[PDB]
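S.K.: Here it is, the structure in full.
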Amino acid sequence: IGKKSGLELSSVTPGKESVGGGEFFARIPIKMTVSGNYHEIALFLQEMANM
Amino acid sequence: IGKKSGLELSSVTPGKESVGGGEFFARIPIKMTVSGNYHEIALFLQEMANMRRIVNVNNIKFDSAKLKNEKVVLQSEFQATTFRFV
Amino acid sequence: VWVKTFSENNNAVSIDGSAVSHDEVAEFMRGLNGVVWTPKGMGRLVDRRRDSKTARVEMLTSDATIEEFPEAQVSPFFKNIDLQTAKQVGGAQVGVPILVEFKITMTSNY
Amino acid sequence: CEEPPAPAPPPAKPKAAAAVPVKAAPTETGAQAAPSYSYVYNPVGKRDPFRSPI
């Protein structure tokens, strides 16, 4: 979705699981780092929110 | 975990076993030396602290590796050890 | 948590502190800002730190003059330049501190 | 030779199956870790500087 939005994905960095972020689930956060136009980042976001 | 965190692993140096660090276990310390961003070293640490092996990270340090300080960069030296038997 | 020294100049505050680990200093640094700093200017206060001539704690890196690009941000009010340094001080047989001594410099708003 | 099994005492397995077993173990054991994870923690505060110096 980054590539089809035209963005350069400069860094994807996984996280640590949140051992105290839930009794029944370990949340893994992923920090994504992409560069381009405002329209294209709005686009990238809305596509990830439609996955 | 260093590579997927984006860090350059500038040096990994094993230790000596701690012959007087336990009656039932020789602790081998491993000093790791990785460089990158604060977010990325926090990341590297938290991943090693979430591993399925006995790498207990303890005494940490890091500093800005650029003399003149013309770009952000943090050299980081973490100490982490596992506990073999005697 | 407590910290060590605090020295301001009505544009930026150069602070000197310590935290419990790679965690509470991460909590504290997240609560401020994160920046890609670039062309730094060297000034006579740095050398007065190398001289010891302005009292502080020379575990610390120096400096307080540069140009900053935002990486991440949590307080809209504060532009932290970077966690200038951090070193976990163990202590000795006479006593502990074991914690992570650190140093940060930050310009606020406005 | 020895036969489909061998004869009856069984023979001789007191050498085979005593310089064997083994010691088996067997090591139903030394597999993969979840490891475990630490927690992060203690901040917040007050009013101070960076009041006056900014």
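Numbering starts fresh at 1 for the residues of each chain in the structure tokens, the chains themselves are lettered A, B, ... in the order given, and ligands are numbered from 1 as they appear.
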Residues of chain A within 8 Å of chain B, using only C-alpha atoms, as a VMD selection string?
M.R.: chain A and resid 13 to 17
S.K.: Distance limit 12 Å, atoms considered: only C-alpha atoms. Which chain A residues sit that close to chain C? Return them as a PDB file with C-alpha atoms, in the first residue's frame.
M.R.:
```
ATOM      1  CA  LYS A  31       6.225   2.287  13.603  1.00  0.00           C
ATOM      2  CA  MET A  32       6.223   3.097   9.885  1.00  0.00           C
ATOM      3  CA  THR A  33       8.206   5.907   8.259  1.00  0.00           C
TER       4      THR A  33
END
```
S.K.: Dump as JSON lines the rows for residues of chain D within 10 Å of chain C: closest atom pair and distance in Å with one decimal, only C-alpha atoms counted, ordered by chain and rising residue number.
M.R.:
```
{"residue": "D:38", "atom": "CA", "partner": "C:23", "partner_atom": "CA", "distance": 9.4}
{"residue": "D:39", "atom": "CA", "partner": "C:23", "partner_atom": "CA", "distance": 8.0}
{"residue": "D:40", "atom": "CA", "partner": "C:23", "partner_atom": "CA", "distance": 5.3}
{"residue": "D:41", "atom": "CA", "partner": "C:24", "partner_atom": "CA", "distance": 6.1}
{"residue": "D:42", "atom": "CA", "partner": "C:24", "partner_atom": "CA", "distance": 6.2}
{"residue": "D:43", "atom": "CA", "partner": "C:1", "partner_atom": "CA", "distance": 6.2}
{"residue": "D:44", "atom": "CA", "partner": "C:1", "partner_atom": "CA", "distance": 6.9}
{"residue": "D:45", "atom": "CA", "partner": "C:1", "partner_atom": "CA", "distance": 7.4}
{"residue": "D:46", "atom": "CA", "partner": "C:1", "partner_atom": "CA", "distance": 10.0}
{"residue": "D:48", "atom": "CA", "partner": "C:6", "partner_atom": "CA", "distance": 9.7}
{"residue": "D:49", "atom": "CA", "partner": "C:6", "partner_atom": "CA", "distance": 7.1}
{"residue": "D:50", "atom": "CA", "partner": "C:13", "partner_atom": "CA", "distance": 6.6}
{"residue": "D:51", "atom": "CA", "partner": "C:8", "partner_atom": "CA", "distance": 9.2}
{"residue": "D:52", "atom": "CA", "partner": "C:8", "partner_atom": "CA", "distance": 7.6}
{"residue": "D:53", "atom": "CA", "partner": "C:8", "partner_atom": "CA", "distance": 3.8}
{"residue": "D:54", "atom": "CA", "partner": "C:10", "partner_atom": "CA", "distance": 4.3}
```
S.K.: List every residue of region 28-81 of chain B that DSSP, applied to the backbone of this structure, assigns to helix (DSSP H, G or I), and report them as a PDB file with C-alpha atoms, in the first residue's frame.
M.R.:
```
ATOM      1  CA  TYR B  38      17.300   6.421  20.148  1.00  0.00           C
ATOM      2  CA  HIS B  39      14.005   4.848  19.043  1.00  0.00           C
ATOM      3  CA  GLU B  40      15.931   2.036  17.342  1.00  0.00           C
ATOM      4  CA  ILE B  41      18.148   1.241  20.349  1.00  0.00           C
ATOM      5  CA  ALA B  42      15.187   1.288  22.725  1.00  0.00           C
ATOM      6  CA  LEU B  43      13.700  -1.099  20.143  1.00  0.00           C
ATOM      7  CA  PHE B  44      16.750  -3.377  20.018  1.00  0.00           C
ATOM      8  CA  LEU B  45      16.799  -3.538  23.826  1.00  0.00           C
ATOM      9  CA  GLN B  46      13.091  -4.324  24.163  1.00  0.00           C
ATOM     10  CA  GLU B  47      13.350  -7.076  21.540  1.00  0.00           C
ATOM     11  CA  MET B  48      16.282  -8.705  23.330  1.00  0.00           C
TER      12      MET B  48
END
```
S.K.: Would you mind reading off the distance between CA of residue 31 (chain B) and CA of residue 98 (chain C), one decimal, in Å?
M.R.: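 Value for the CA of residue 31 (chain B)-CA of residue 98 (chain C) distance: 17.6 Å.
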S.K.: Can you build me a table of chain D residues sitting at most 10 Å from chain B, with the closest atom pair per residue and its distance in Å to one decimal, using only C-alpha atoms, sorted by chain and residue number, as a tab-separated table?
M.R.:
```
residue	atom	partner	partner_atom	distance
D:31	CA	B:52	CA	9.6
D:32	CA	B:52	CA	6.2
D:33	CA	B:52	CA	3.2
D:34	CA	B:52	CA	4.2
D:35	CA	B:52	CA	3.3
D:36	CA	B:50	CA	5.4
D:37	CA	B:50	CA	5.0
D:38	CA	B:49	CA	7.1
```
S.K.: Just write the chosen residues, C-alpha atoms, as a PDB file, in the first residue's frame.
M.R.:
```pdb
ATOM      1  CA  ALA D  31      13.170 -26.250  23.032  1.00  0.00           C
ATOM      2  CA  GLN D  32      12.127 -22.595  22.249  1.00  0.00           C
ATOM      3  CA  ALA D  33      11.586 -19.618  24.605  1.00  0.00           C
ATOM      4  CA  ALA D  34       8.818 -16.960  24.781  1.00  0.00           C
ATOM      5  CA  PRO D  35      11.412 -15.277  26.771  1.00  0.00           C
ATOM      6  CA  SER D  36       9.759 -12.784  29.245  1.00  0.00           C
ATOM      7  CA  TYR D  37       9.388  -8.970  29.247  1.00  0.00           C
ATOM      8  CA  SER D  38       9.972  -6.146  31.785  1.00  0.00           C
TER       9      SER D  38
END
```
S.K.: Chain C near chain B within 12 Å: what's each residue's closest atom pair and its distance in Å to one decimal, counting only C-alpha atoms, ordered by chain then ascending residue number, as a Markdown table?
M.R.:
```
| residue | atom | partner | partner_atom | distance |
| --- | --- | --- | --- | --- |
| C:20 | CA | B:60 | CA | 11.3 |
| C:21 | CA | B:60 | CA | 8.3 |
| C:22 | CA | B:42 | CA | 7.1 |
| C:23 | CA | B:42 | CA | 8.3 |
| C:24 | CA | B:42 | CA | 11.4 |
| C:25 | CA | B:42 | CA | 10.3 |
| C:26 | CA | B:42 | CA | 7.7 |
| C:27 | CA | B:42 | CA | 10.9 |
| C:29 | CA | B:38 | CA | 9.7 |
| C:30 | CA | B:39 | CA | 9.5 |
| C:33 | CA | B:39 | CA | 11.5 |
| C:34 | CA | B:38 | CA | 8.7 |
| C:35 | CA | B:72 | CA | 8.2 |
| C:36 | CA | B:72 | CA | 5.6 |
| C:37 | CA | B:72 | CA | 5.6 |
| C:38 | CA | B:71 | CA | 4.7 |
| C:39 | CA | B:70 | CA | 5.0 |
| C:40 | CA | B:70 | CA | 6.0 |
| C:41 | CA | B:68 | CA | 9.0 |
| C:42 | CA | B:68 | CA | 8.7 |
| C:59 | CA | B:63 | CA | 10.8 |
| C:60 | CA | B:63 | CA | 9.6 |
| C:61 | CA | B:63 | CA | 8.3 |
| C:62 | CA | B:69 | CA | 10.5 |
| C:63 | CA | B:69 | CA | 9.6 |
| C:64 | CA | B:69 | CA | 11.4 |
| C:65 | CA | B:69 | CA | 10.7 |
| C:66 | CA | B:70 | CA | 9.0 |
| C:67 | CA | B:70 | CA | 9.7 |
| C:68 | CA | B:72 | CA | 10.0 |
| C:69 | CA | B:72 | CA | 10.2 |
| C:70 | CA | B:72 | CA | 11.6 |
| C:71 | CA | B:39 | CA | 10.0 |
| C:72 | CA | B:39 | CA | 9.6 |
| C:81 | CA | B:72 | CA | 9.7 |
| C:82 | CA | B:72 | CA | 8.3 |
| C:83 | CA | B:38 | CA | 8.0 |
| C:84 | CA | B:64 | CA | 6.8 |
| C:85 | CA | B:63 | CA | 4.8 |
| C:86 | CA | B:62 | CA | 5.7 |
| C:87 | CA | B:61 | CA | 4.4 |
| C:88 | CA | B:60 | CA | 5.6 |
| C:89 | CA | B:59 | CA | 8.2 |
| C:90 | CA | B:59 | CA | 7.7 |
| C:91 | CA | B:59 | CA | 11.5 |
| C:97 | CA | B:59 | CA | 11.9 |
| C:98 | CA | B:59 | CA | 8.1 |
| C:99 | CA | B:59 | CA | 8.7 |
| C:100 | CA | B:60 | CA | 7.7 |
| C:101 | CA | B:61 | CA | 9.2 |
| C:102 | CA | B:61 | CA | 9.6 |
| C:103 | CA | B:63 | CA | 10.0 |
| C:104 | CA | B:63 | CA | 11.5 |
```
S.K.: What would the file look like if the residues just selected were written as a compact mmCIF listing (two decimals), in the first residue's frame with N, CA and C atoms?
M.R.:
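Everything below was put into selection.txt:
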```txt
# COMPACT_ATOMS: atom_id res chain seq x y z
N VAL C 20 15.65 5.79 36.05
CA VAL C 20 15.79 4.46 36.65
C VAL C 20 16.40 3.47 35.66
N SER C 21 16.17 3.64 34.37
CA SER C 21 16.57 2.62 33.41
C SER C 21 16.37 3.15 31.99
N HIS C 22 16.43 2.22 31.03
CA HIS C 22 16.17 2.46 29.63
C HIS C 22 14.67 2.68 29.40
N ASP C 23 13.92 2.77 30.49
CA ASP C 23 12.47 2.84 30.45
C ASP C 23 11.95 4.19 30.92
N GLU C 24 12.23 4.59 32.16
CA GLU C 24 11.76 5.88 32.64
C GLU C 24 12.44 7.04 31.93
N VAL C 25 13.68 6.87 31.47
CA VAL C 25 14.28 7.89 30.61
C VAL C 25 13.63 7.85 29.23
N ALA C 26 13.12 6.68 28.82
CA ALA C 26 12.36 6.60 27.58
C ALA C 26 10.98 7.21 27.75
N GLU C 27 10.33 6.97 28.89
CA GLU C 27 9.07 7.64 29.18
C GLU C 27 9.26 9.15 29.18
N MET C 29 11.73 10.98 27.82
CA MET C 29 12.12 11.52 26.52
C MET C 29 10.95 11.50 25.55
N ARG C 30 10.08 10.49 25.67
CA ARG C 30 8.89 10.45 24.83
C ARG C 30 7.95 11.59 25.19
N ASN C 33 10.04 15.30 23.07
CA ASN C 33 10.21 15.42 21.63
C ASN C 33 11.44 14.63 21.20
N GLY C 34 11.56 14.48 19.89
CA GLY C 34 12.62 13.71 19.26
C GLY C 34 12.94 14.31 17.91
N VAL C 35 14.22 14.52 17.64
CA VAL C 35 14.65 15.47 16.63
C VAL C 35 15.90 14.95 15.92
N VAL C 36 15.98 15.25 14.62
CA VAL C 36 17.21 15.05 13.84
C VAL C 36 17.93 16.39 13.86
N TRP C 37 18.97 16.49 14.69
CA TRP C 37 19.74 17.72 14.80
C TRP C 37 20.90 17.71 13.81
N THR C 38 21.25 18.90 13.31
CA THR C 38 22.24 18.95 12.23
C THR C 38 23.33 19.99 12.54
N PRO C 39 23.38 21.21 11.92
CA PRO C 39 24.63 21.97 11.99
C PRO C 39 24.81 22.63 13.35
N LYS C 40 25.70 22.06 14.17
CA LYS C 40 25.88 22.56 15.53
C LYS C 40 26.92 23.67 15.56
N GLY C 41 26.64 24.70 16.37
CA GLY C 41 27.60 25.77 16.58
C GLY C 41 28.35 25.62 17.88
N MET C 42 29.67 25.74 17.82
CA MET C 42 30.49 25.64 19.02
C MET C 42 30.66 27.02 19.64
N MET C 59 30.10 13.97 33.57
CA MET C 59 29.60 12.87 32.80
C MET C 59 28.92 13.34 31.52
N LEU C 60 28.62 14.63 31.42
CA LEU C 60 27.70 15.10 30.41
C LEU C 60 28.44 15.50 29.14
N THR C 61 27.83 15.19 28.01
CA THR C 61 28.19 15.89 26.79
C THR C 61 27.86 17.37 26.94
N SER C 62 28.37 18.17 26.01
CA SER C 62 28.32 19.62 26.18
C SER C 62 27.18 20.26 25.39
N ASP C 63 27.39 21.51 24.95
CA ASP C 63 26.66 22.12 23.86
C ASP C 63 25.29 22.64 24.25
N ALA C 64 24.73 23.52 23.41
CA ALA C 64 23.37 24.05 23.53
C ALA C 64 23.05 24.99 22.38
N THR C 65 23.53 24.70 21.17
CA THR C 65 23.29 25.58 20.02
C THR C 65 23.33 24.74 18.75
N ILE C 66 22.21 24.70 18.02
CA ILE C 66 22.10 23.85 16.84
C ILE C 66 20.83 24.19 16.05
N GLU C 67 20.43 23.30 15.13
CA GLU C 67 19.27 23.46 14.28
C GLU C 67 18.57 22.11 14.18
N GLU C 68 17.25 22.11 14.37
CA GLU C 68 16.54 20.90 14.76
C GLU C 68 15.43 20.55 13.79
N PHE C 69 15.35 19.28 13.43
CA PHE C 69 14.26 18.77 12.61
C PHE C 69 13.47 17.75 13.40
N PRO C 70 12.16 17.83 13.41
CA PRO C 70 11.35 16.93 14.24
C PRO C 70 11.33 15.52 13.67
N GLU C 71 11.55 14.54 14.55
CA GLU C 71 11.31 13.15 14.23
C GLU C 71 9.98 12.67 14.81
N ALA C 72 9.82 12.81 16.12
CA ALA C 72 8.58 12.47 16.82
C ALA C 72 8.41 13.50 17.92
N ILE C 81 16.06 18.62 21.78
CA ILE C 81 16.99 18.47 20.67
C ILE C 81 17.43 17.02 20.53
N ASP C 82 17.67 16.34 21.66
CA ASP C 82 18.09 14.94 21.73
C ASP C 82 18.47 14.58 23.15
N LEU C 83 18.40 13.29 23.48
CA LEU C 83 19.03 12.76 24.69
C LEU C 83 20.54 12.82 24.47
N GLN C 84 21.12 13.95 24.89
CA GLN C 84 22.52 14.22 24.59
C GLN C 84 23.45 13.12 25.07
N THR C 85 23.15 12.50 26.22
CA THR C 85 23.93 11.34 26.62
C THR C 85 23.19 10.59 27.72
N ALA C 86 23.66 9.37 27.99
CA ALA C 86 23.07 8.50 29.01
C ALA C 86 24.03 7.36 29.31
N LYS C 87 24.32 7.16 30.60
CA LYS C 87 25.33 6.23 31.08
C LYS C 87 24.87 5.65 32.41
N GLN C 88 24.74 4.33 32.49
CA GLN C 88 24.23 3.69 33.69
C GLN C 88 25.36 3.59 34.71
N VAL C 89 25.25 4.34 35.80
CA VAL C 89 26.31 4.44 36.79
C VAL C 89 26.04 3.38 37.86
N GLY C 90 26.97 2.44 38.01
CA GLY C 90 26.72 1.31 38.88
C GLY C 90 26.97 1.59 40.35
N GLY C 91 28.04 2.32 40.66
CA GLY C 91 28.42 2.53 42.05
C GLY C 91 29.58 1.63 42.45
N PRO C 97 24.29 3.69 42.90
CA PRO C 97 23.07 4.30 42.40
C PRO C 97 22.44 3.42 41.31
N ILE C 98 23.27 2.76 40.50
CA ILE C 98 22.89 1.73 39.53
C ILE C 98 22.11 2.33 38.35
N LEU C 99 21.61 3.55 38.50
CA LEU C 99 20.66 4.07 37.52
C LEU C 99 21.37 4.65 36.29
N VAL C 100 20.57 5.25 35.41
CA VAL C 100 21.08 5.79 34.15
C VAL C 100 21.18 7.31 34.30
N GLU C 101 22.40 7.80 34.53
CA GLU C 101 22.67 9.22 34.42
C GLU C 101 22.42 9.66 32.99
N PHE C 102 21.89 10.87 32.80
CA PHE C 102 21.63 11.31 31.44
C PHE C 102 21.73 12.83 31.34
N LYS C 103 21.71 13.31 30.10
CA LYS C 103 21.67 14.73 29.80
C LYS C 103 20.89 15.00 28.52
N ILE C 104 20.06 16.05 28.59
CA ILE C 104 19.12 16.51 27.57
C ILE C 104 19.18 18.04 27.50
```
S.K.: Each residue of chain A lying at most 12 Å from chain D should get a row with its shortest atom-to-atom pair and the distance in Å to one decimal, counting only C-alpha atoms; could you produce that, ordered by chain and increasing number, as CSV?
M.R.:
```
residue,atom,partner,partner_atom,distance
A:16,CA,D:37,CA,8.8
A:17,CA,D:37,CA,8.2
A:18,CA,D:37,CA,8.5
A:19,CA,D:37,CA,6.4
A:20,CA,D:39,CA,7.2
A:21,CA,D:39,CA,10.1
A:26,CA,D:37,CA,10.7
```
S.K.: Keeping only N, CA, C and O atoms, write those residues as a PDB file, in the first residue's frame.
M.R.:
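The result, stored in out17.pdb:
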```
ATOM      1  N   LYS A  16       8.094  -3.672  20.619  1.00  0.00           N
ATOM      2  CA  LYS A  16       8.024  -4.724  21.609  1.00  0.00           C
ATOM      3  C   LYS A  16       6.569  -5.019  21.928  1.00  0.00           C
ATOM      4  O   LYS A  16       5.705  -4.135  21.890  1.00  0.00           O
ATOM      5  N   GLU A  17       6.309  -6.284  22.246  1.00  0.00           N
ATOM      6  CA  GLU A  17       4.982  -6.659  22.701  1.00  0.00           C
ATOM      7  C   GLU A  17       4.707  -6.002  24.049  1.00  0.00           C
ATOM      8  O   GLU A  17       5.594  -5.885  24.896  1.00  0.00           O
ATOM      9  N   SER A  18       3.480  -5.515  24.223  1.00  0.00           N
ATOM     10  CA  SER A  18       3.097  -4.789  25.437  1.00  0.00           C
ATOM     11  C   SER A  18       2.615  -5.795  26.479  1.00  0.00           C
ATOM     12  O   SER A  18       1.428  -6.119  26.579  1.00  0.00           O
ATOM     13  N   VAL A  19       3.572  -6.285  27.281  1.00  0.00           N
ATOM     14  CA  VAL A  19       3.286  -7.349  28.246  1.00  0.00           C
ATOM     15  C   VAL A  19       2.226  -6.923  29.255  1.00  0.00           C
ATOM     16  O   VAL A  19       1.476  -7.761  29.772  1.00  0.00           O
ATOM     17  N   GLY A  20       2.130  -5.625  29.544  1.00  0.00           N
ATOM     18  CA  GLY A  20       1.072  -5.111  30.394  1.00  0.00           C
ATOM     19  C   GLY A  20       0.066  -4.275  29.630  1.00  0.00           C
ATOM     20  O   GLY A  20      -0.506  -3.322  30.171  1.00  0.00           O
ATOM     21  N   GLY A  21      -0.152  -4.615  28.357  1.00  0.00           N
ATOM     22  CA  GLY A  21      -1.111  -3.915  27.523  1.00  0.00           C
ATOM     23  C   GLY A  21      -2.385  -4.705  27.344  1.00  0.00           C
ATOM     24  O   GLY A  21      -3.206  -4.387  26.477  1.00  0.00           O
ATOM     25  N   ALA A  26      -0.984  -9.683  23.752  1.00  0.00           N
ATOM     26  CA  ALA A  26       0.244  -8.899  23.677  1.00  0.00           C
ATOM     27  C   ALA A  26       0.151  -8.041  22.421  1.00  0.00           C
ATOM     28  O   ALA A  26       0.095  -8.558  21.301  1.00  0.00           O
TER      29      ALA A  26
END
```
S.K.: If we count only C-alpha atoms, what is near region 12-28 of chain B at a cut-off of 8 Å, once residues fewer than 4 positions away on the same chain are taken out, given as a ChimeraX atom specification?
M.R.: /B:32-33,81-86
S.K.: If you run DSSP over the backbone, which residues in chain B end up strand (DSSP E or B)? Put them as a ChimeraX atom specification.
M.R.: /B:8-14,18,26-36,56-64,74-84
S.K.: Could you write out that same residue set with N, CA, C and O atoms as a short mmCIF file (atom, residue, chain, number, x, y, z; two decimals), in the first residue's frame?
M.R.:
```cif
data_model
loop_
_atom_site.label_atom_id
_atom_site.label_comp_id
_atom_site.auth_asym_id
_atom_site.auth_seq_id
_atom_site.Cartn_x
_atom_site.Cartn_y
_atom_site.Cartn_z
N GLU B 8 23.39 -0.61 13.04
CA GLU B 8 24.67 -1.15 12.61
C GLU B 8 25.35 -1.79 13.82
O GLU B 8 25.64 -1.11 14.81
N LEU B 9 25.58 -3.09 13.75
CA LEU B 9 26.23 -3.82 14.84
C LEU B 9 27.74 -3.65 14.67
O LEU B 9 28.39 -4.39 13.93
N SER B 10 28.29 -2.65 15.36
CA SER B 10 29.70 -2.33 15.18
C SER B 10 30.62 -3.31 15.91
O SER B 10 31.78 -3.45 15.51
N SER B 11 30.14 -3.97 16.96
CA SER B 11 30.98 -4.97 17.63
C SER B 11 30.15 -5.80 18.59
O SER B 11 29.39 -5.25 19.39
N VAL B 12 30.30 -7.12 18.53
CA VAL B 12 29.81 -8.02 19.57
C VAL B 12 31.02 -8.72 20.17
O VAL B 12 31.84 -9.29 19.45
N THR B 13 31.16 -8.63 21.49
CA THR B 13 32.32 -9.17 22.17
C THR B 13 31.86 -10.09 23.29
O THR B 13 31.21 -9.63 24.24
N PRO B 14 32.16 -11.39 23.23
CA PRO B 14 31.79 -12.28 24.34
C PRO B 14 32.58 -11.91 25.58
O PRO B 14 33.42 -11.02 25.56
N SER B 18 31.95 -16.21 34.65
CA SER B 18 32.15 -15.69 36.00
C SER B 18 32.28 -16.87 36.97
O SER B 18 31.31 -17.35 37.55
N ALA B 26 28.01 -20.80 35.61
CA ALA B 26 29.02 -19.87 35.11
C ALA B 26 28.29 -18.88 34.21
O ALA B 26 27.73 -19.26 33.17
N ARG B 27 28.27 -17.62 34.61
CA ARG B 27 27.67 -16.59 33.79
C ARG B 27 28.65 -16.16 32.71
O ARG B 27 29.78 -15.79 33.01
N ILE B 28 28.21 -16.22 31.46
CA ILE B 28 28.97 -15.67 30.34
C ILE B 28 28.32 -14.31 29.97
O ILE B 28 27.13 -14.29 29.64
N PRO B 29 29.05 -13.21 30.11
CA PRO B 29 28.52 -11.92 29.66
C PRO B 29 28.92 -11.63 28.22
O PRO B 29 30.00 -12.01 27.76
N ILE B 30 28.03 -10.96 27.51
CA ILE B 30 28.23 -10.56 26.13
C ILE B 30 27.99 -9.06 26.05
O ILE B 30 26.91 -8.58 26.43
N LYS B 31 29.00 -8.33 25.60
CA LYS B 31 28.90 -6.88 25.44
C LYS B 31 28.62 -6.58 23.97
O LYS B 31 29.43 -6.94 23.10
N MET B 32 27.49 -5.93 23.70
CA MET B 32 27.07 -5.62 22.34
C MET B 32 27.15 -4.13 22.09
O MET B 32 26.89 -3.32 22.99
N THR B 33 27.50 -3.77 20.86
CA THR B 33 27.89 -2.41 20.47
C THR B 33 27.26 -2.12 19.12
O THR B 33 27.75 -2.58 18.08
N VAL B 34 26.17 -1.34 19.16
CA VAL B 34 25.29 -1.09 18.02
C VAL B 34 25.04 0.41 17.94
O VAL B 34 25.00 1.09 18.97
N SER B 35 24.86 0.94 16.73
CA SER B 35 24.69 2.38 16.55
C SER B 35 23.44 2.68 15.75
O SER B 35 23.10 1.97 14.79
N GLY B 36 22.74 3.75 16.13
CA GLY B 36 21.59 4.19 15.35
C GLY B 36 20.85 5.30 16.08
O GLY B 36 21.44 6.18 16.69
N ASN B 56 19.88 -11.75 29.73
CA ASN B 56 19.47 -10.73 30.68
C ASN B 56 20.29 -9.46 30.50
O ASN B 56 21.43 -9.37 30.96
N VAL B 57 19.70 -8.46 29.84
CA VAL B 57 20.39 -7.19 29.62
C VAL B 57 20.39 -6.39 30.92
O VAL B 57 19.37 -6.30 31.62
N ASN B 58 21.54 -5.80 31.24
CA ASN B 58 21.66 -5.06 32.50
C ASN B 58 22.19 -3.64 32.27
O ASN B 58 21.42 -2.74 31.93
N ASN B 59 23.48 -3.45 32.45
CA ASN B 59 24.07 -2.12 32.46
C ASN B 59 24.18 -1.58 31.03
O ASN B 59 24.88 -2.17 30.20
N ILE B 60 23.50 -0.47 30.77
CA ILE B 60 23.36 0.11 29.43
C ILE B 60 24.11 1.43 29.37
O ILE B 60 24.27 2.12 30.38
N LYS B 61 24.57 1.78 28.18
CA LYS B 61 25.10 3.11 27.95
C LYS B 61 24.96 3.46 26.48
O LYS B 61 24.84 2.57 25.65
N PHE B 62 24.97 4.76 26.17
CA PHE B 62 25.01 5.22 24.79
C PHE B 62 25.33 6.71 24.78
O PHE B 62 25.11 7.42 25.76
N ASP B 63 25.84 7.18 23.63
CA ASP B 63 26.33 8.54 23.50
C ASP B 63 26.33 8.90 22.02
O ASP B 63 26.11 8.05 21.16
N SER B 64 26.60 10.18 21.74
CA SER B 64 26.54 10.69 20.37
C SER B 64 27.89 10.47 19.68
O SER B 64 28.91 11.04 20.11
N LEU B 74 23.70 7.76 17.58
CA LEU B 74 23.96 7.31 18.94
C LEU B 74 24.62 5.94 18.89
O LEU B 74 23.99 4.95 18.51
N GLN B 75 25.91 5.91 19.25
CA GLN B 75 26.56 4.65 19.56
C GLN B 75 26.07 4.15 20.91
O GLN B 75 25.99 4.92 21.88
N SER B 76 25.74 2.87 20.98
CA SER B 76 25.14 2.25 22.15
C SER B 76 25.89 0.98 22.49
O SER B 76 26.22 0.18 21.61
N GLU B 77 26.16 0.81 23.78
CA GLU B 77 26.87 -0.36 24.29
C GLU B 77 26.02 -0.93 25.42
O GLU B 77 25.88 -0.30 26.48
N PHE B 78 25.40 -2.08 25.15
CA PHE B 78 24.56 -2.78 26.12
C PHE B 78 25.29 -4.03 26.58
O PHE B 78 25.96 -4.70 25.79
N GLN B 79 25.16 -4.35 27.87
CA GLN B 79 25.73 -5.55 28.43
C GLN B 79 24.61 -6.53 28.74
O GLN B 79 23.64 -6.18 29.42
N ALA B 80 24.74 -7.76 28.24
CA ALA B 80 23.70 -8.76 28.40
C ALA B 80 24.34 -10.14 28.50
O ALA B 80 25.22 -10.47 27.71
N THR B 81 23.87 -10.94 29.46
CA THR B 81 24.57 -12.16 29.85
C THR B 81 23.62 -13.35 29.91
O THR B 81 22.44 -13.20 30.22
N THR B 82 24.15 -14.54 29.63
CA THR B 82 23.42 -15.79 29.83
C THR B 82 24.21 -16.70 30.78
O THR B 82 25.42 -16.53 30.98
N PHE B 83 23.50 -17.66 31.39
CA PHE B 83 24.02 -18.35 32.57
C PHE B 83 24.22 -19.85 32.34
O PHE B 83 23.38 -20.66 32.75
N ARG B 84 25.35 -20.23 31.73
CA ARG B 84 25.68 -21.64 31.52
C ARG B 84 25.84 -22.34 32.87
O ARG B 84 25.85 -21.67 33.91
#
```
S.K.: What is the CA of residue 17 (chain C)-CA of residue 5 (chain C) distance in Å, reported with one decimal?
M.R.: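 Here the two named atoms are 6.5 Å from each other.
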